[PDB]
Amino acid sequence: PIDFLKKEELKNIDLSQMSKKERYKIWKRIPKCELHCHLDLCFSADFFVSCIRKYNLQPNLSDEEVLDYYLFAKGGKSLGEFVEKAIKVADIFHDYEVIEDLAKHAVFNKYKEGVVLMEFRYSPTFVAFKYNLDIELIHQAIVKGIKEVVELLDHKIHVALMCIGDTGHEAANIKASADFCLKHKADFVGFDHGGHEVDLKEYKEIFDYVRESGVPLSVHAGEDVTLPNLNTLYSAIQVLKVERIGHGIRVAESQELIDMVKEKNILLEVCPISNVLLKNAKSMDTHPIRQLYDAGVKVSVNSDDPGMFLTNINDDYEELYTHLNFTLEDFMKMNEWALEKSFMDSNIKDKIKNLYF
């Protein structure tokens, strides 16, 4: 099915001749390596509404109202308002069946979008808390859902998992999450922190234990523009010794951090639309990915939470092309960096490079 663009062919495409719908056929055929996407918040509008109606969760609400009430598609005030609506959305984590269904839906849609390498991340405590589910059984449902789809797809998309410890919901427990990550070392390729952006320095020992056991780190940092300084970024880099940074857009505010990230070969996982919708960037026109890219910082393109925003990865490419003048060449380059920085087994990484790059 998917006829992926090859580096050789990029000179033959003239995007300026195409309508938006048309450019979408081009974005889909970019062989995409996506590093930053929350599985637990990865769904289409049709899937989300089906889940609400399945459990008769909002019988007083029309479809439009459900989406408005639960999601962030029209954006909101801050990372802070985001966390509060994420909590409502956990209304869908009703049982292990819907969770396995979600994993299947999410993998299948990434495949249809032209994603070839997909690292999903999820927070066990976030999925479990609402209906007090068992995290072992949650993780089994997700694993089984993923394996079913990839095998059905004759492994045309390669998928791995990262574990998230988080801050912001009632059952949040970073240590529990790290222990769980290590117990399932076999399934998890990385460990992350999300939710409220805190300075993770105070969890140094937990992150050192994870990292030293052989599980690399990529934490959310340098996202929230309401924080008074860049302490969280310094801690991620110097204390947690991360290999990648979720967002990292505030690196753009500091010449010293730009130098440090280049010097340390750290990649920033940029989620452009997420940044605009949470007001961490004024507009796509002024998004720091442009400045970061031009300064020599390694960056990749990510969707973050397709369910909360009601977008998919190809929306992010469209925005980058349209508002910030990125080229097909840039996109192939960012995707190869992302493959290079991926936490997946290197044999798998070799195949993908052979196949697409």
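Don't overthink the numbering: it's just position in the shown sequence, from 1. Take the two forms, find the largest set of C-alpha atoms that superpose within 1.5 Å, and that set is the rigid core.
In 4 other deposited structures of this protein, rigid core aligned: more displaced of 172 to 180 and 113 to 121 by C-alpha RMS
Stretch with the larger root mean square C-alpha distance in 4 other deposited structures of this protein: 172 to 180.
Taking the recorded C-alpha temperature factors, which stretch has the higher mean, 6 to 14 or 335 to 343?
6 to 14 has the higher mean C-alpha B-factor.
Comparing 163 to 171 with 120 to 128, the one whose average Cα B-factor in the PDB entry is higher:
Stretch with the higher mean C-alpha B-factor: 163 to 171.
Top Cα B factor in the deposited entry, candidates 263, 154, 95, 253:
Most elevated C-alpha B-factor of the set, per the entry: 154.
From the list 298, 53, 38, 29, select the residue with the highest C-alpha B factor recorded in the entry.
Highest C-alpha B-factor among the listed residues goes to 29.
Grab the CA temperature factor for residue 139 from the record and place it in the lowest, middle or highest third of its chain.
As the PDB entry reports it, the C-alpha B-factor of residue 139 lands in the lowest third of its chain.
What third of the chain does residue 58 rank in for C-alpha temperature factor, lowest, middle or highest?
Lowest third, going by the recorded CA B-factors of the chain.
Within this chain, which third does the Cα B-factor at residue 322 fall in: lowest, middle or highest?
It belongs to the highest third of the chain when residues are ordered by C-alpha B-factor.
Is residue 329 in the lowest, middle or highest third of its chain when residues are ranked by C-alpha B-factor?
Its C-alpha B-factor, which the entry lists for residue 329, ranks in the highest third among residues of this chain.
Looking at the temperature factor on the CA atom of residue 281, which third of the chain's modelled residues does it land in?
For residue 281, whose C-alpha B-factor we compare with every modelled residue in the chain, the answer is the highest third.
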